[PDB]
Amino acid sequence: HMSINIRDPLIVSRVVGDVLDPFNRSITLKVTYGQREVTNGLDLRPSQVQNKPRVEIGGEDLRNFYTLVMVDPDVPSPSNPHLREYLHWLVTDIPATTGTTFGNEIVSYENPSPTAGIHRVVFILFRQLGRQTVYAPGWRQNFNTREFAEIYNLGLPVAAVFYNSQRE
């Protein structure tokens, strides 16, 4: 078992738990809609997330590549999340220090539009085992980030951020 900080927003929100195993944040992930950075549980309205966000990343070595997963585990609602997880966006082969515009968008961005309950919308970054090794799933619904990472040898996350959103 890895140590956790029980006051970490990823723990309190159950993002770590429902979606991810415990991990150590090791790589910068900056996700911005408009002028708002997606930090630990801030709220964004659906009308503010119609466009893919700007996404910048850090890195370990310049030669590393990263994959970004964006999921809503709370679909159609957190009380009955029968589509858990819904894959909103998947970008692979992101070079260290760059961002998603330098990667390969393998699942196009779909804007989250919750209609029931308050949803967590989660961005997760993984270090790859090689460029061009990660492939899109056949379906957006019932995605499983943990299993995806296992299939592609992505390891534990290197970063994750999230926002909350509900119907306007």
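From 1 onward, residues are counted along the sequence shown.
Asks: Where do the C-alpha atoms have the higher mean temperature factor in this entry, in 119 to 127 or in 42 to 50?
Replies: Stretch with the higher mean C-alpha B-factor: 42 to 50.
Asks: Quick one: higher average CA temperature factor, 129 to 137 or 26 to 34?
Replies: Mean C-alpha B-factor is greater for 129 to 137.
Asks: According to the PDB entry, is the CA B factor of residue 55 in the bottom, middle or top third of its chain, that is, lowest, middle or highest?
Replies: CA B-factor rank for residue 55: lowest third.
Asks: Name the third of the chain's ranked CA B-factors that contains residue 92, choosing lowest, middle or highest.
Replies: Tercile = lowest for this residue's CA B-factor.
Asks: Among all modelled residues of this chain, ranked by Cα B factor, put residue 166 in the bottom, middle or top third, i.e. lowest, middle or highest.
Replies: Answer is middle: the recorded C-alpha B-factor places it there.
Asks: What third of the chain, by the recorded C-alpha B-factor, contains residue 157?
Replies: Lowest third.
Asks: Report the third (lowest, middle or highest) to which the CA temperature factor of residue 142 belongs, ranking only the modelled residues of the same chain.
Replies: For residue 142, the deposited C-alpha B-factor lands in the lowest third.
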